[PDB]
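Visitor: Dropping the structure in here first, questions after.
What follows is calculated from the coordinates using simple rules that are stated; it is not laboratory data. Note: ideal-geometry Cβ built from the backbone for every residue, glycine included; neighbour counts use all protein chains shown.
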Amino acid sequence: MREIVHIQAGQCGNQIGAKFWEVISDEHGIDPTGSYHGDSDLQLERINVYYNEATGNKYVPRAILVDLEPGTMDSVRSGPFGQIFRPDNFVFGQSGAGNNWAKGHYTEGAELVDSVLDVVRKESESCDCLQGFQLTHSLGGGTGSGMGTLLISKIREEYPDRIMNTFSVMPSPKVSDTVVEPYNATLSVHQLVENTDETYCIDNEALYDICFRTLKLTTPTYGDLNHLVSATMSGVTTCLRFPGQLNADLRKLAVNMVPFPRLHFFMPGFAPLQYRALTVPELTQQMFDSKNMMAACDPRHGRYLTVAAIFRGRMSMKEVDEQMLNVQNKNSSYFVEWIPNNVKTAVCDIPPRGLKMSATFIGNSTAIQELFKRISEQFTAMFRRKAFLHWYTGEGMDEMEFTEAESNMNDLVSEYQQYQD
Amino acid sequence: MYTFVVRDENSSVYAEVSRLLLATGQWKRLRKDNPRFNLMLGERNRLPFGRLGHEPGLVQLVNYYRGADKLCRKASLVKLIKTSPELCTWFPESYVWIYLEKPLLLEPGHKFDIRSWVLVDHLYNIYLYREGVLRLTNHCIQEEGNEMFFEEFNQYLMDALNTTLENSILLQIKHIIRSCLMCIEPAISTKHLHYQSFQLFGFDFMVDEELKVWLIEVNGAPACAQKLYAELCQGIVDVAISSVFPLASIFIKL
Amino acid sequence: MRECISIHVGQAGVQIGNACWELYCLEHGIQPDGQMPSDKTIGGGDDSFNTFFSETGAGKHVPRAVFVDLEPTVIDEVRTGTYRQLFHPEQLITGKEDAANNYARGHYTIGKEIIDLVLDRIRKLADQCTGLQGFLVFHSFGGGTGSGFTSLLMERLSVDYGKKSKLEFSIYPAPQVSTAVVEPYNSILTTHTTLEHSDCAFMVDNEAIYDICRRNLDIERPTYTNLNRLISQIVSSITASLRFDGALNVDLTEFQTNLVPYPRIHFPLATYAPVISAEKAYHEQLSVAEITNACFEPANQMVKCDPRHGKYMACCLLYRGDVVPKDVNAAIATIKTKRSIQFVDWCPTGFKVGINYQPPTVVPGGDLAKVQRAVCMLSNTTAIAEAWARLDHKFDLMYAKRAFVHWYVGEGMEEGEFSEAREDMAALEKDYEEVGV
Amino acid sequence: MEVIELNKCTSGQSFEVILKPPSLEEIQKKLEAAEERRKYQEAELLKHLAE
Ligand SMILES: Nc1nc2c(ncn2[C@@H]2O[C@H](COP(=O)(O)OP(=O)(O)OP(=O)(O)O)[C@@H](O)[C@H]2O)c(=O)[nH]1
Ligand SMILES: Nc1ncnc2c1ncn2[C@@H]1O[C@H](COP(=O)(O)OP(=O)(O)CP(=O)(O)O)[C@@H](O)[C@H]1O
Ligand SMILES: Nc1nc2c(ncn2[C@@H]2O[C@H](COP(=O)(O)OP(=O)(O)O)[C@@H](O)[C@H]2O)c(=O)[nH]1
Ligand SMILES: C#Cc1cnc2ccc(O[C@@H](OC)C(=O)NC(C)(C)/C=N/OC)cc2c1
Ligand SMILES: [Mg+2]
Ligand SMILES: [Mg+2]
């Protein structure tokens, strides 16, 4: 029945996680008590992809909530849709991870991970046919980053043949909690290279630039950053959540999007970012515009291996097609010529709430190499001087392991440069 | 914005055509093996016609007509004339020999040939370029450059024979161009094809001492006369390219 | 009377199966509950429609079909459709999760788990056959099931029914109509593996069907229902000889015998006219001469290509409707003069004509108008190699960078089966070339 | 232009107009070889995950 299991880990993971569930619960007609109160069955046709149906015909997110501190998960349990998650599926410890990847992966989180895998096992076993996993987390702290990638390593061992996708918030010095963020992100990326099928790269710098420059928000909060991530995750998952779409599951999608195992880090985009609805040309122009991209990379600095785009609302399919075929046939220099017909498009009649038309974009571009170059530079700047390393060697890690994370990401970056040529 | 590729860099003619296309600002040149193109200046041999007209939302045109080699190979042309129910009074017997023993001779000097450039557009309109050239009479072997253009040859025919170029020679040339191209049309026309063709042709003619015009051969990849490159290559863009891809007469239609 | 068993594999195969059996029922006067008032042989008969339907004591007429998909959502619609009452459940076989557009997954990984079950359900049908002619297999080149599990099934049918003929109806992939980037791989893989096990294959290019739908039916964005209803007209024209009284193409052996001189070159081009919009109130009824001339227009072909630049090895005209032999020869006389119909030298320049008097049936409410006469032309022309040339070129682009290869090798396939398959296709293209120029 | 081999019935007629003369063991081995390459690859994964 194409069930997906959702995990959200740490402060950032659970906050963008909670919003994702607010947004898609609204679209599916599910109220903050789990009772369905919508008007179309289109809303219910794929409701079991993300929701278990509990006993009194309530719907319960198939969602596991994970953190090493109680503080953000008491927040969730107290927000608008707090009551909707299954109480057993809150798994937390008391110690924290202190923004420390080694505490998340090796010490603190190791204590807690078996208990998460117990909930995951119990959600999986009730799945008619489990389609794969999705994980929300940041890469810059400790729980979502270090324990998050520890979970993925363990889920692979236990379900080596299911798809594992992540929505991963990349740190930026312009929106920063601590200096050690590049250390945690570099160790995190190496895990993701080996252990996920798809990673949506959400750069916190780009999210901030979008609120500041485009949305005209002079002082953006995480709330404002997260509102963008939420709307993008809702778009991305439309073809899975709504009927009549492509007869495709996570594995089919992953196959068509990832031409090479390690090159699976994607740039998401969204349009529009008002009462004037956008014409189909306006959507197609904004969607491919650099300013609408959430990985703070210039697509005119690399080449698209594959692109997928969904349009939501009531609009001409032929018109979506002419515009899409106009964008490609005008900048053919930015798509690789050796994957024929590598741009794919869909329309869904149901638009997002508060909007008449929208476009969500998913691009496997070699420009993403710019993001790993950025993290790699921040990393080396500190690591040459072994700055801040004591926080990590105090938890049992060795310098050798940093060198290897640095080397694998440098590898990854040059692997992208091989294909942009 | 229109996209076009280039796959025949040796083309004396189409180097000037792609040169003009860029100077309009509305045409953009792609890589030779990019398939998301509108127009193609294709290669002379093994040009991949079976891959044209399958790109969603692209109207594709090419500067060659698949099947036109029948006319342009010396061997094939003989076969074409002999086995066509049309066709024959203007083509020398073909299988002293090579051969026309009594050629009209320019004076002074006591032999020449006439090159006409014909352009056939996607609609199969037949366009004869106004300017021909008179040139074994070949630049390879050899007026400035042994090339005499139409106005002089006209002036010679008037003063020397009391006749004009149109009357004595050009009615026969138009009749011959139309006969060859009318004959092969059902085999090569792209009127209801999923892609479109045009093509420039170089007809080579002989004139005998009775002012009879004879067909020598038909060139499928013809060069031009340096003096006429400007005029004709612009006429190409006007009649064959922009008539399918419009932006924002030097031809006799036959 | 010899029975024919239809197998539909994967999404495209099952959905086209739907459109066909709906059309067969309307042509044969069988209602959705399987009853057929025309048949007075209650519980029986050796009539020509019993080649495709068997009868129950209760009077129900049951398609000799098997539907197979590696996931359930498509065959589940059959199970709860207008024609749910027609099929025995045993006939509808679904699996858990699909092949994900991965040939290696449909053939190797998933396919191995289900192939014995399928062969057993088919074996059930075969055992109800006094005489068995062979199999008609409907599938897409591009799906992971359609390509991968089909070639496993075709290999096994050659083993388990070695004397029986196998005909193919194959959906050729088109980016207009929902392809994946990997379908050129799957297409070459399945053609290599299946080529020695198929006697005659009819390729349908989705690009062709899609254009005929936009141009002739004036449907801006055609749906699969639009496409399949048009595809099932062509299929019905091809299988009508098997379901009706007649003397042309009356068993599956005649298809190979009439259309396929060389075993490998077994892909006849299908051309069909007229396709007339049903919202077109006042339309003029095209003549025999007119619909026959239309068979030589590239734009009515099931596969876009230019037969003028090829050579024919066989041609068969199948008319339905108001058509007498006099008009056909009339029409042919005229087209010999105006069209480029070059035959290979070691072959007669002729036409096998079959006329069925019952005019084409159309789905009530469909977008296809009822015509008084239609034709389907089946011709084995080397021009169809153009479709191979396109596919092989896309394969070569991706494969030169090994793009997506890792998804196949991760399923137990070896990289060298990619090049074994592409060498087969280079050979096939060269065969058409030796024959054609 | 000749018309040979004409057959007529009540449903229609047919004719020809000439215009001008002139193993289970091997499948088992391949399927199981692929299953053992899958299995060998999954063992390298679990080895690597154990390291
Ligand atoms: N004409 C037509 N084409 C179809 C239909 N369904 C899919 N296709 C085409 O077939 C190809 C995809 O193959 P599918 O049939 O969906 O794949 P599959 O066999 O089900 O195998 P899986 O990968 O396991 O899903 C694409 O080229 C589609 O355009 C249909 O009902 N009609
Ligand atoms: N039957 C004939 N009688 C007189 N002169 C003839 C002749 N056939 C050829 N010629 C001479 O040969 C010259 C051109 O030869 P021809 O056209 O047959 O080969 P070509 O070198 O032009 C091939 P292409 O034009 O494709 O490069 C003419 O200038 C003409 O003088
Ligand atoms: N977009 C976004 N980023 C966040 C949020 N909370 C933290 N971050 C970012 O995530 C990183 C800090 O990691 P965090 O999730 O808070 O720590 P963790 O609990 O140990 O996993 C930093 O790069 C922050 O910029 C949030 O709600 N939204
Ligand atoms: C969770 C999760 C998830 C994981 N991986 C995806 C890959 C592609 C994707 O794509 C949609 O993004 C708009 C989409 O609508 N895809 C269409 C156009 C239907 C087909 N794409 O063919 C590649 C969605 C995905 C959603
Ligand atoms: Mg924090
Ligand atoms: Mg499928």
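Visitor: For the stretch C:1-159, report the translational diffusion coefficient in µm²/s to the nearest whole number, using Stokes-Einstein at 4 °C, 1.567 mPa s, and a Kirkwood Rh over Cα pairs.
Guide: On the way: Rh = 15.8 Å.
Roughly 82 µm²/s, to the nearest whole number.
Visitor: Going by how many other beta carbons lie within 10 Å of each one, how would you line up C:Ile114, C:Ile209, fewest first? Mind showing how you got there, number by number?
Guide: Values: C:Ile114 21, C:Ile209 24.
The order, fewest Cβ neighbours first, is C:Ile114, C:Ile209.
Visitor: Running a GNM on chain C with Cα contacts under 10 Å, which residue among C:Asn206, C:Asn226, C:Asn102 ends up with the highest mean-square fluctuation?
Guide: C:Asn226
Visitor: With a/c under 1.5 counting as rounded, go ahead and sort chain D into rounded, prolate or oblate using the C-alpha gyration tensor (a ≥ b ≥ c being the square roots of the eigenvalues; past the cut-off, prolate if a/b is larger than b/c, else oblate). Walk me through the intermediate numbers first.
Guide: Working: a/c = 5.25, a/b = 4.47, b/c = 1.17.
Prolate, because a/c is 1.5 or more and a/b exceeds b/c.
Visitor: Efficiency by 1/(1 + (r/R0)^6): what FRET value for A:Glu22 and A:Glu53, r their Cβ-Cβ distance, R0 = 25 Å, to the nearest 0.05?
Guide: Working: r = 20 Å, r/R0 = 0.78.
That pair, A:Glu22 with A:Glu53, gives E of 0.80.
Visitor: Based on the alpha-carbon gyration tensor of chain A and its eigenvalue square roots a ≥ b ≥ c, which shape applies: rounded if a/c is under 1.5, prolate if not and a/b is larger than b/c, or oblate? Intermediate values should be presented prior to the final figure.
Guide: Values: a/c = 1.59, a/b = 1.11, b/c = 1.43.
Here chain A falls in the oblate category.
Visitor: Okay, moving on. Consider a paramagnetic label point 7 Å from the Cα of A:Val60 along Cα→Cβ; state which residues of the stretch A:6-20 have an amide N under 13 Å from it.
Guide: What the label zone holds, given the 13 Å backbone N cut-off, is no residue at all.
Visitor: Note down the nm distance, to one decimal, between modelled labels 7 Å out along Cα→Cβ at C:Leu26 and at B:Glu152.
Guide: Taking the two extended label points, one gets 7.5 nm.
Visitor: Select from C:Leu230, A:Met1, A:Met164 the residue farthest towards the positive end of the dipole of the protein assembly as shown; place +1 on Cβ of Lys and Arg, -1 on Cβ of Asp and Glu, and compute about the Cα centre.
Guide: C:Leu230
Visitor: Next question, about the same structure. Which entries in the list A:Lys356/C:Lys370; C:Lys304/C:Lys352; B:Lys191/B:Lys212; A:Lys318/B:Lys253; A:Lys330/B:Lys191 go over 30 Å, if you measure between the two C-alpha atoms of each?
Guide: Check vs 30 Å cut-off fails for A:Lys356/C:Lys370; B:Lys191/B:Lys212; A:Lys318/B:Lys253.
Visitor: Another one. Nearest-5 percent of antiparallel DSSP beta bridges in chain C?
Guide: Just about 35 percent of them are antiparallel.
Visitor: Pull up the cross-link candidates among the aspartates and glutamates for A:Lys386, meaning alpha carbon to alpha carbon under 12 Å and not fewer than 8 places away within one chain.
Guide: Qualifying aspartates and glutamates at Cα under 12 Å: A:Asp398, A:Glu399.
Visitor: I would also like to ask the following. List the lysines whose alpha-carbon lies under 23 Å from that of D:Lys47, not counting same-chain residues fewer than 8 positions away?
Guide: Hits, sequence-local ones excluded: A:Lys154, D:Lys39.
Visitor: Hey, got the average number of other protein chain Cβ atoms within 10 angstrom for residues in C:398-407? Mind dumping the intermediate values first?
Guide: Numbers: counts 6, 1, 1, 8, 2, 10, 8, 2, 5, 7.
Mean shielding by partner chains, rounded to a whole number: 5.
Visitor: Which value does Rg/Rh take for the stretch B:128-254 over its C-alpha atoms, Rh per Kirkwood?
Guide: On the way: Rg = 16.5 Å, Rh = 16.7 Å.
Taking Rh as the inverse mean 1/r over Cα pairs, Rg/Rh reads 0.99.
Visitor: Would you please calculate the Kirkwood hydrodynamic radius of the stretch A:368-421 over all C-alpha pairs and express it in Å, rounded to one decimal? Walk me through the numbers before you get to the answer.
Guide: Working: mean 1/r = 0.0827 Å⁻¹.
About 12.1 Å, per the Kirkwood formula over Cα pairs.
Visitor: State the volume of the convex hull built on the alpha-carbon positions of chain B, expressed per residue in Å³ and rounded to an integer.
Guide: Convex hull of Cα atoms, per residue: 141 Å³.
Visitor: Given a cut-off of 48 Å, what percent of all Cα-Cα pairs of the protein assembly as shown lie beyond it? Please list the in-between numbers first.
Guide: Working: 272507 of 675703 pairs.
In whole percent, the share of Cα-Cα pairs in the protein assembly as shown beyond 48 Å is 40.
Visitor: Percent antiparallel among DSSP beta bridges with both residues in the protein assembly as shown, to the nearest 5?
Guide: Working: 75 of 152 bridges.
Bridges in the protein assembly as shown that DSSP calls antiparallel: roughly 50 percent.
Visitor: Sorted by average packing, counted as other Cβ atoms within 10 angstrom per residue and highest first, what order do A:59-65, C:190-196, A:382-388 take? Can you show the working numbers first?
Guide: Details: A:59-65: 23.4, C:190-196: 21.6, A:382-388: 12.9.
For the peptides A:59-65, C:190-196, A:382-388, the packing ranking is A:59-65, C:190-196, A:382-388.
Visitor: A follow-up question, please. Sticking to Cα atoms, compute the Rg of chain C to one decimal and its Dmax as the biggest Cα-Cα distance, whole number, in Å.
Guide: When restricted to the Cα atoms of chain C, Rg and Dmax are 20.8, 63 Å.
Visitor: Name the long-range amide H neighbours of A:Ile163: under 5 Å, sequence gap of 5 or more, or other chain; modelled H, no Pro or chain starts.
Guide: The list, which skips near neighbours in sequence, is A:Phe133.
Visitor: Rounded to whole Å and sorted largest first, what semi-axes of the equivalent ellipsoid does the C-alpha gyration tensor of the stretch C:324-392 yield via the square root of 5 times each eigenvalue? Kindly include the intermediate steps, with their values, before the conclusion.
Guide: Values: eigenvalues 153, 95, 22 Å².
The three semi-axes for the stretch C:324-392 are 28, 22, 11 Å.
Visitor: So what's the back-of-envelope 222 nm ellipticity for chain B, counting only DSSP H runs of four-plus at -39500 (n - 2.57) apiece and dividing by all residues, rounded to 500? Don't jump to the answer; show the numbers that get you there.
Guide: Numbers: 7 runs with 62 residues, N = 254.
One gets -7000 deg cm²/dmol as the mean residue ellipticity at 222 nm.
Visitor: Additional query: When the Debye formula is applied to the Cα atoms of the stretch C:200-289, each taken as the same point scatterer, what base-10 log of I(q)/I(0) results at q = 0.12 Å⁻¹?
Guide: -0.49
Visitor: Follow-up. Suppose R0 equals 30 Å. What FRET efficiency, 1/(1 + (r/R0)^6) with r the Cβ-Cβ distance, do B:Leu123 and B:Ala248 give to the nearest 0.05? Could you put the intermediate results ahead of the total?
Guide: Numbers: r = 22 Å, r/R0 = 0.74.
E(calc), rounded to 0.05, equals 0.85.
Visitor: Take the cross-link list B:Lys32/C:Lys430; B:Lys70/C:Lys311; A:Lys216/A:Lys291 and give me the ones stretching past 20 Å between alpha-carbons. Show your work: numbers first, answer last.
Guide: On the way: B:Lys32/C:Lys430 25 Å; B:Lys70/C:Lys311 16 Å; A:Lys216/A:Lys291 13 Å.
Those over the limit are B:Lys32/C:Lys430.
Visitor: Something else: Past the 28 Å Cα-Cα mark, which pairs from C:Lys96/C:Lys394; C:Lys124/C:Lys166; C:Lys112/C:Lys166? Don't jump to the answer; show the numbers that get you there.
Guide: Values: C:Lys96/C:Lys394 31 Å; C:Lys124/C:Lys166 18 Å; C:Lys112/C:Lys166 21 Å.
Cα-Cα > 28 Å for C:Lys96/C:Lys394; rest within.
Visitor: Please provide three numbers in whole Å: the alpha-carbon extents of the stretch B:1-53 along the principal axes, with the largest listed first.
Guide: For the stretch B:1-53, the Cα spread along each principal axis is 30, 24, 14 Å.
Visitor: For every helix of n ≥ 4 consecutive DSSP H residues, a contribution of -39,500 (n - 2.57) applies; sum these over chain C, divide by its total residues, and give [θ] at 222 nm rounded to the nearest 500 deg cm²/dmol.
Guide: Details: 13 runs with 166 residues, N = 437.
Calculated at 222 nm, the ellipticity per residue is -12000 deg cm²/dmol.
Visitor: Counting partner chain Cβ atoms within 10 Å of every residue's Cβ in A:315-322, what's the average? Mind dumping the intermediate values first?
Guide: On the way: counts 0, 2, 2, 4, 1, 1, 5, 1.
Across A:315-322, the average partner-chain Cβ count within 10 Å equals 2.
Visitor: Can you find, among C:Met302, C:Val344, C:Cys376, the residue sitting farthest towards the positive end of the charge dipole of the stretch C:269-383, where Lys and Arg contribute +1 and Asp and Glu -1 at Cβ?
Guide: C:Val344
Visitor: Could you work out, for the stretch A:260-367, what percent of all Cα-Cα pairs fall into each 5 Å distance bin, beginning at 0 Å and stopping at the bin that holds the largest distance?
Guide: Per 5 Å bin, starting at 0, the Cα pair percentages come out as 2, 12, 24, 25, 19, 11, 5, 1, 0.
Visitor: Which order results if A:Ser316, A:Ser172, D:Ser23 are arranged by neighbouring Cβ count within 10 Å, fewest first?
Guide: On the way: A:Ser316 14, A:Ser172 23, D:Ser23 9.
Ranked by crowding around the Cβ, least crowded first: D:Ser23, A:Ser316, A:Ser172.
Visitor: Just tell me how shielded A:333-343 is by partners: mean number of partner chain Cβ atoms within 10 Å of each residue's Cβ, no decimals. The partial results should precede the final answer.
Guide: Numbers: counts 4, 0, 2, 4, 7, 9, 8, 14, 14, 4, 2.
Per-residue shielding by partner chains comes out at 6.
Visitor: What's the Cα-based Rg to Rh of the stretch A:333-411, Rh via Kirkwood? Walk me through the intermediate numbers first.
Guide: Working: Rg = 20.9 Å, Rh = 17.1 Å.
Across the stretch A:333-411, the Cα-based Rg/Rh ratio is 1.22.
Visitor: Further question: Listing C:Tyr24, C:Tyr210, C:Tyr319 from the residue with the fewest other Cβ atoms within 10 Å to the one with the most, what is the order? Mind dumping the intermediate values first?
Guide: Numbers: C:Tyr24 24, C:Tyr210 20, C:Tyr319 28.
Taking fewest neighbouring Cβ atoms as first place, the list is C:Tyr210, C:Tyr24, C:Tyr319.
Visitor: Ratio of Rg to Rh for the stretch C:384-437, alpha carbon only, Kirkwood? Display every interim value, and only then the final one.
Guide: Working: Rg = 12.9 Å, Rh = 12.2 Å.
Ratio of gyration radius to Kirkwood radius for the stretch C:384-437: 1.06.
Visitor: Note down the relative contact order for the stretch A:368-421 as a percent, whole number, built from C-alpha pairs under 8 angstrom at least six residues apart. Kindly include the intermediate steps, with their values, before the conclusion.
Guide: Values: 20 pairs, mean separation 31.9, N = 54.
Relative contact order, the stretch A:368-421: 59 percent.
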